There are 2 protein chains.
Amino acid sequence: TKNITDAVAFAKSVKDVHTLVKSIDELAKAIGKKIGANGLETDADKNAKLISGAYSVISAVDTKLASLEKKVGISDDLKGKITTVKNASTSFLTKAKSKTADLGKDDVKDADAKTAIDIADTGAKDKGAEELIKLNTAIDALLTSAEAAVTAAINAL
Amino acid sequence: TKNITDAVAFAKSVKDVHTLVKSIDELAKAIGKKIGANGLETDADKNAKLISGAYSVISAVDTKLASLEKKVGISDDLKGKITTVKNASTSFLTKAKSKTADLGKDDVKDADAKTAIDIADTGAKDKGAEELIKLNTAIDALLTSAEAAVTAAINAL
């Protein structure tokens, strides 16, 4: 019974991180948008604080992965997939910090906000978006492995 | 023995929406903060875009709950719980839109941002915060019931 409990718990933790990573796509939809009377309305630039929000969500992700890496009884293969995810979140944070002049200024234009947190935009991804793409790829893989472990434990019952 | 596969799939969806609601707490940490060379550093006001980010996330929570209501095999008891959460997310959005003059302006101050997306706010929660608190209370309940159902399926096998 402890086997299914450990698989479920691990999957819950990975699902949590996966959602937070995908949540950044919801933040990117707010770039150059203000809360209007009927929902989000176009109101360009001044995106610094929104990028700060994304930065905080990815910091939470990094902290959660730091905790996951130290979990006992985890297979070396799973531990490695977690590291690939944590390398990506660490990269995003380091890159953003290095781009403070462009991301922390009083008027961060829409295009520049996209180079940080918009993976779908057809522009440059030189202020964190490239790292965010890798983070997405990495978390998708860890979620798949975590969900497969849940199914295998459910099979053994 | 169908219960277990469909109970895992439901708890997955509730966990997704749950993490999204808690993600607002992470966005609240970025209020009056810019991305500095060593992480988030103090730089007050100009929070409009961050609140828009939080709006986008709760908008995603509302849509996912709407989809969850139309789910197959969803009993009446559970549907009532889902509806209680959606009413709360809808209320947050309505309140945010109605406060567009305070939340979509050029300089949303730290205190005004907290009245919208900070549940710990010792001030007035008059621009979305109270609605977000009730949303938090409702989603915790739905996740508790979804995670209990998961445990009942496992114990049955």
# chains A, B, ... in the order shown; residues from 1 in each chain; ligands from 1
call {"tool": "interface_residues", "arguments": {"of": "chain B", "to": "chain A", "cutoff": "9 Å", "atoms": "only C-alpha atoms", "output": "PyMOL selection string"}}
result
chain B and resi 4-5+12+15-20+23-24+26-40+43+45-57+59-60+93-94+96-101+103-106+154+157
call {"tool": "select_by_dssp", "arguments": {"residues": "segment 24-150 of chain B", "states": "helix (DSSP H, G or I)", "output": "count of residues only"}}
result
84
call {"tool": "closest_residue", "arguments": {"among": "B:139, B:132, B:9, B:108", "to": "residue 65 of chain B", "atoms": "only C-alpha atoms"}}
result
B:139
call {"tool": "select_by_dssp", "arguments": {"residues": "segment 21-82 of chain A", "states": "strand (DSSP E or B)", "output": "number ranges by chain"}}
result
A: 33-36, 39-42
call {"tool": "write_last_selection", "arguments": {"atoms": "C-alpha atoms", "output": "PDB file, in the first residue's frame"}}
result
ATOM      1  CA  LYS A  33      -3.210  44.386 -21.147  1.00  0.00           C
ATOM      2  CA  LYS A  34      -5.072  46.184 -18.373  1.00  0.00           C
ATOM      3  CA  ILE A  35      -8.094  44.957 -16.443  1.00  0.00           C
ATOM      4  CA  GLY A  36     -10.953  46.672 -18.296  1.00  0.00           C
ATOM      5  CA  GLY A  39     -12.066  41.811 -19.106  1.00  0.00           C
ATOM      6  CA  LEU A  40      -8.509  42.223 -20.383  1.00  0.00           C
ATOM      7  CA  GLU A  41      -8.133  45.202 -22.717  1.00  0.00           C
ATOM      8  CA  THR A  42      -5.182  46.332 -24.802  1.00  0.00           C
TER       9      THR A  42
END
call {"tool": "residues_around", "arguments": {"residues": "residue 148 of chain B", "least_positions_apart": "4", "cutoff": "12 Å", "atoms": "only C-alpha atoms", "output": "MDAnalysis selection string"}}
result
chainID B and resid 4 7:8 10:11 78 141:144 152:155
call {"tool": "write_last_selection", "arguments": {"atoms": "N, CA and C atoms", "output": "short mmCIF file (atom, residue, chain, number, x, y, z; two decimals), in the first residue's frame"}}
result
data_model
loop_
_atom_site.label_atom_id
_atom_site.label_comp_id
_atom_site.auth_asym_id
_atom_site.auth_seq_id
_atom_site.Cartn_x
_atom_site.Cartn_y
_atom_site.Cartn_z
N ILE B 4 -11.57 4.01 -9.91
CA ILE B 4 -10.17 4.45 -9.77
C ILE B 4 -9.55 5.26 -10.91
N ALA B 7 -11.37 8.56 -11.05
CA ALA B 7 -11.18 9.32 -9.81
C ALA B 7 -9.81 9.99 -9.82
N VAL B 8 -8.85 9.36 -10.50
CA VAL B 8 -7.50 9.89 -10.60
C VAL B 8 -7.56 11.06 -11.57
N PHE B 10 -10.04 12.96 -12.24
CA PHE B 10 -10.79 14.09 -11.67
C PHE B 10 -9.90 14.86 -10.69
N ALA B 11 -9.24 14.13 -9.80
CA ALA B 11 -8.34 14.74 -8.81
C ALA B 11 -7.18 15.48 -9.49
N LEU B 78 -20.75 16.27 -6.10
CA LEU B 78 -19.50 16.82 -6.61
C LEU B 78 -19.76 18.04 -7.49
N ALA B 141 -11.78 22.68 -0.48
CA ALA B 141 -12.86 21.73 -0.21
C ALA B 141 -13.02 20.74 -1.36
N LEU B 142 -13.03 21.25 -2.58
CA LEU B 142 -13.18 20.40 -3.76
C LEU B 142 -12.00 19.44 -3.91
N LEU B 143 -10.78 19.89 -3.59
CA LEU B 143 -9.59 19.04 -3.71
C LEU B 143 -9.61 17.98 -2.62
N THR B 144 -10.12 18.34 -1.45
CA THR B 144 -10.18 17.41 -0.34
C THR B 144 -11.13 16.25 -0.69
N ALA B 152 -10.64 6.19 -1.66
CA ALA B 152 -11.72 5.21 -1.54
C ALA B 152 -11.65 4.17 -2.66
N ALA B 153 -11.18 4.60 -3.84
CA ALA B 153 -11.05 3.71 -4.99
C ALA B 153 -9.92 2.71 -4.76
N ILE B 154 -8.82 3.21 -4.21
CA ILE B 154 -7.63 2.41 -3.91
C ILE B 154 -7.92 1.37 -2.81
N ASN B 155 -8.64 1.78 -1.77
CA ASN B 155 -8.99 0.89 -0.67
C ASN B 155 -9.96 -0.22 -1.10
#
call {"tool": "closest_residue", "arguments": {"among": "B:112, B:140, B:130, B:118", "to": "residue 84 of chain B", "atoms": "only C-alpha atoms"}}
result
B:140
call {"tool": "residues_around", "arguments": {"residues": "residue 134 of chain B", "least_positions_apart": "6", "cutoff": "12 Å", "atoms": "only C-alpha atoms", "output": "list in words"}}
result
residues 21, 84, 85, 86, 87, 88, 89, 90, 91, 92, 119, 125, 128, 140 and 141 of chain B
call {"tool": "write_last_selection", "arguments": {"atoms": "N, CA, C and O atoms", "output": "tab-separated table (two decimals), in the first residue's frame"}}
result
chain	number	residue	atom	x	y	z
B	21	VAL	N	-4.86	28.68	-8.32
B	21	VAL	CA	-5.39	29.63	-7.34
B	21	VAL	C	-4.30	30.00	-6.34
B	21	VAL	O	-4.16	31.18	-5.99
B	84	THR	N	-19.69	25.67	-6.51
B	84	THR	CA	-19.38	26.57	-5.41
B	84	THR	C	-18.04	27.26	-5.69
B	84	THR	O	-17.85	28.41	-5.31
B	85	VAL	N	-17.12	26.53	-6.33
B	85	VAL	CA	-15.80	27.09	-6.66
B	85	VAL	C	-15.92	28.07	-7.81
B	85	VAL	O	-15.34	29.17	-7.76
B	86	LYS	N	-16.66	27.69	-8.85
B	86	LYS	CA	-16.86	28.54	-10.02
B	86	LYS	C	-17.55	29.85	-9.64
B	86	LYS	O	-17.22	30.90	-10.17
B	87	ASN	N	-18.52	29.79	-8.72
B	87	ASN	CA	-19.23	30.99	-8.29
B	87	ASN	C	-18.23	31.96	-7.69
B	87	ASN	O	-18.34	33.17	-7.86
B	88	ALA	N	-17.26	31.40	-6.97
B	88	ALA	CA	-16.22	32.19	-6.32
B	88	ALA	C	-15.23	32.79	-7.32
B	88	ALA	O	-14.84	33.94	-7.15
B	89	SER	N	-14.84	32.03	-8.34
B	89	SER	CA	-13.89	32.53	-9.35
B	89	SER	C	-14.58	33.60	-10.19
B	89	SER	O	-13.96	34.61	-10.53
B	90	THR	N	-15.85	33.37	-10.52
B	90	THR	CA	-16.65	34.32	-11.31
B	90	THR	C	-16.78	35.63	-10.54
B	90	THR	O	-16.66	36.70	-11.10
B	91	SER	N	-17.02	35.52	-9.23
B	91	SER	CA	-17.17	36.67	-8.36
B	91	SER	C	-15.87	37.47	-8.30
B	91	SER	O	-15.89	38.69	-8.24
B	92	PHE	N	-14.73	36.79	-8.33
B	92	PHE	CA	-13.46	37.50	-8.27
B	92	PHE	C	-13.30	38.34	-9.53
B	92	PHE	O	-12.94	39.51	-9.46
B	119	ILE	N	-4.18	37.67	-0.11
B	119	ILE	CA	-5.07	37.13	0.92
B	119	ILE	C	-4.60	37.45	2.35
B	119	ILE	O	-5.40	37.40	3.29
B	125	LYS	N	-9.83	44.29	1.79
B	125	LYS	CA	-9.81	43.34	0.68
B	125	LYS	C	-10.97	43.68	-0.24
B	125	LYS	O	-11.69	42.80	-0.68
B	128	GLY	N	-10.92	42.58	-4.84
B	128	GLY	CA	-10.76	41.20	-5.29
B	128	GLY	C	-10.27	40.23	-4.23
B	128	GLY	O	-10.60	39.05	-4.27
B	140	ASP	N	-10.12	24.34	-1.85
B	140	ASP	CA	-9.51	23.42	-0.88
B	140	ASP	C	-10.51	22.31	-0.59
B	140	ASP	O	-10.13	21.14	-0.48
B	141	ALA	N	-11.78	22.68	-0.48
B	141	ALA	CA	-12.86	21.73	-0.21
B	141	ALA	C	-13.02	20.74	-1.36
B	141	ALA	O	-13.14	19.54	-1.14
call {"tool": "atom_distance", "arguments": {"atom1": "atom CA of residue 138 of chain A", "atom2": "atom CA of residue 14 of chain B"}}
result
22.7 Å
call {"tool": "decode", "arguments": {"residues": "segment 27-76 of chain A", "atoms": "N, CA and C atoms", "output": "short mmCIF file (atom, residue, chain, number, x, y, z; two decimals), in the first residue's frame"}}
result
data_model
loop_
_atom_site.label_atom_id
_atom_site.label_comp_id
_atom_site.auth_asym_id
_atom_site.auth_seq_id
_atom_site.Cartn_x
_atom_site.Cartn_y
_atom_site.Cartn_z
N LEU A 27 0.06 34.20 -17.96
CA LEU A 27 0.60 35.51 -17.62
C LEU A 27 1.02 36.25 -18.88
N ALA A 28 1.48 35.49 -19.88
CA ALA A 28 1.90 36.05 -21.16
C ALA A 28 0.70 36.63 -21.91
N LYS A 29 -0.50 36.11 -21.66
CA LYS A 29 -1.71 36.63 -22.30
C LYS A 29 -2.09 38.00 -21.71
N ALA A 30 -1.47 38.37 -20.58
CA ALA A 30 -1.73 39.65 -19.91
C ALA A 30 -0.74 40.74 -20.30
N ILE A 31 0.27 40.39 -21.10
CA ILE A 31 1.26 41.36 -21.53
C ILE A 31 0.57 42.45 -22.35
N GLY A 32 0.81 43.70 -22.00
CA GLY A 32 0.22 44.83 -22.71
C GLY A 32 -1.29 44.84 -22.59
N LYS A 33 -1.78 44.43 -21.42
CA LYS A 33 -3.21 44.39 -21.15
C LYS A 33 -3.52 44.89 -19.74
N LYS A 34 -4.61 45.64 -19.64
CA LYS A 34 -5.07 46.18 -18.37
C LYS A 34 -6.40 45.52 -18.06
N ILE A 35 -6.82 45.55 -16.80
CA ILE A 35 -8.09 44.96 -16.44
C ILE A 35 -9.12 46.03 -16.78
N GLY A 36 -9.91 45.78 -17.82
CA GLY A 36 -10.95 46.67 -18.30
C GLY A 36 -12.30 46.29 -17.72
N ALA A 37 -13.34 47.04 -18.11
CA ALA A 37 -14.71 46.81 -17.63
C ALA A 37 -15.30 45.49 -18.11
N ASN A 38 -14.80 44.98 -19.24
CA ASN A 38 -15.29 43.72 -19.80
C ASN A 38 -14.25 42.60 -19.86
N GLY A 39 -13.15 42.78 -19.15
CA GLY A 39 -12.07 41.81 -19.11
C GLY A 39 -10.77 42.48 -19.52
N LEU A 40 -9.80 41.69 -19.96
CA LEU A 40 -8.51 42.22 -20.38
C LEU A 40 -8.63 43.04 -21.67
N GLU A 41 -8.12 44.26 -21.60
CA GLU A 41 -8.13 45.20 -22.72
C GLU A 41 -6.72 45.60 -23.09
N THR A 42 -6.50 45.92 -24.35
CA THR A 42 -5.18 46.33 -24.80
C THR A 42 -4.80 47.67 -24.17
N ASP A 43 -3.63 47.68 -23.54
CA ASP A 43 -3.04 48.84 -22.87
C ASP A 43 -1.54 48.50 -22.81
N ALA A 44 -0.87 48.75 -23.92
CA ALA A 44 0.56 48.46 -24.11
C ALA A 44 1.63 48.93 -23.11
N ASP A 45 2.70 48.14 -23.09
CA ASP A 45 3.90 48.33 -22.28
C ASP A 45 3.73 48.34 -20.75
N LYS A 46 4.74 48.85 -20.04
CA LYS A 46 4.73 48.91 -18.58
C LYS A 46 4.53 47.51 -17.98
N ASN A 47 5.22 46.52 -18.55
CA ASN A 47 5.10 45.12 -18.13
C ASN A 47 6.04 44.62 -17.03
N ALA A 48 6.98 45.44 -16.56
CA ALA A 48 7.92 44.99 -15.52
C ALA A 48 7.35 44.14 -14.38
N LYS A 49 6.31 44.63 -13.70
CA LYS A 49 5.70 43.91 -12.56
C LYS A 49 5.09 42.56 -12.91
N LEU A 50 4.64 42.41 -14.16
CA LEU A 50 4.07 41.15 -14.62
C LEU A 50 5.23 40.15 -14.75
N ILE A 51 6.38 40.63 -15.26
CA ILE A 51 7.54 39.76 -15.39
C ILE A 51 8.01 39.38 -13.98
N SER A 52 7.89 40.30 -13.02
CA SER A 52 8.30 40.02 -11.65
C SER A 52 7.44 38.86 -11.13
N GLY A 53 6.15 38.87 -11.47
CA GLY A 53 5.21 37.84 -11.06
C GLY A 53 5.63 36.47 -11.59
N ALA A 54 5.97 36.44 -12.87
CA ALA A 54 6.43 35.22 -13.54
C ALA A 54 7.70 34.74 -12.86
N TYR A 55 8.59 35.68 -12.57
CA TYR A 55 9.84 35.37 -11.90
C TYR A 55 9.56 34.70 -10.54
N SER A 56 8.56 35.20 -9.81
CA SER A 56 8.19 34.66 -8.48
C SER A 56 7.59 33.25 -8.58
N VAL A 57 6.80 33.01 -9.63
CA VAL A 57 6.19 31.71 -9.85
C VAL A 57 7.30 30.71 -10.18
N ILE A 58 8.27 31.09 -11.01
CA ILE A 58 9.36 30.18 -11.37
C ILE A 58 10.29 29.96 -10.18
N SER A 59 10.33 30.91 -9.24
CA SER A 59 11.17 30.78 -8.04
C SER A 59 10.52 29.73 -7.16
N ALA A 60 9.18 29.73 -7.12
CA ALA A 60 8.43 28.76 -6.31
C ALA A 60 8.65 27.39 -6.92
N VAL A 61 8.67 27.33 -8.25
CA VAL A 61 8.90 26.08 -8.97
C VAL A 61 10.27 25.51 -8.61
N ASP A 62 11.29 26.37 -8.64
CA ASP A 62 12.66 25.98 -8.31
C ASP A 62 12.77 25.42 -6.88
N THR A 63 12.10 26.07 -5.94
CA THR A 63 12.10 25.66 -4.54
C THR A 63 11.44 24.28 -4.40
N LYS A 64 10.35 24.05 -5.13
CA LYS A 64 9.63 22.78 -5.08
C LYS A 64 10.45 21.64 -5.67
N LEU A 65 11.25 21.94 -6.68
CA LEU A 65 12.10 20.97 -7.34
C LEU A 65 13.28 20.67 -6.42
N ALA A 66 13.75 21.69 -5.70
CA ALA A 66 14.86 21.54 -4.77
C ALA A 66 14.45 20.53 -3.69
N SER A 67 13.20 20.61 -3.27
CA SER A 67 12.65 19.71 -2.27
C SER A 67 12.48 18.30 -2.85
N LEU A 68 11.95 18.23 -4.07
CA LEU A 68 11.74 16.94 -4.74
C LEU A 68 13.03 16.14 -4.95
N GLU A 69 14.11 16.85 -5.28
CA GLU A 69 15.43 16.25 -5.50
C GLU A 69 15.95 15.50 -4.27
N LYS A 70 15.55 15.96 -3.08
CA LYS A 70 15.98 15.36 -1.82
C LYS A 70 15.05 14.26 -1.30
N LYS A 71 14.06 13.86 -2.10
CA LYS A 71 13.12 12.82 -1.65
C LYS A 71 13.81 11.44 -1.63
N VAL A 72 13.64 10.74 -0.51
CA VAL A 72 14.23 9.41 -0.31
C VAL A 72 13.43 8.31 -1.02
N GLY A 73 14.14 7.30 -1.51
CA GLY A 73 13.53 6.17 -2.20
C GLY A 73 13.25 6.41 -3.67
N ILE A 74 13.58 7.61 -4.17
CA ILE A 74 13.37 7.98 -5.57
C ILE A 74 14.44 7.32 -6.42
N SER A 75 14.06 6.81 -7.60
CA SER A 75 15.00 6.15 -8.49
C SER A 75 15.96 7.18 -9.08
N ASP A 76 17.17 6.75 -9.40
CA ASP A 76 18.18 7.63 -9.97
C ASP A 76 17.69 8.25 -11.28
#
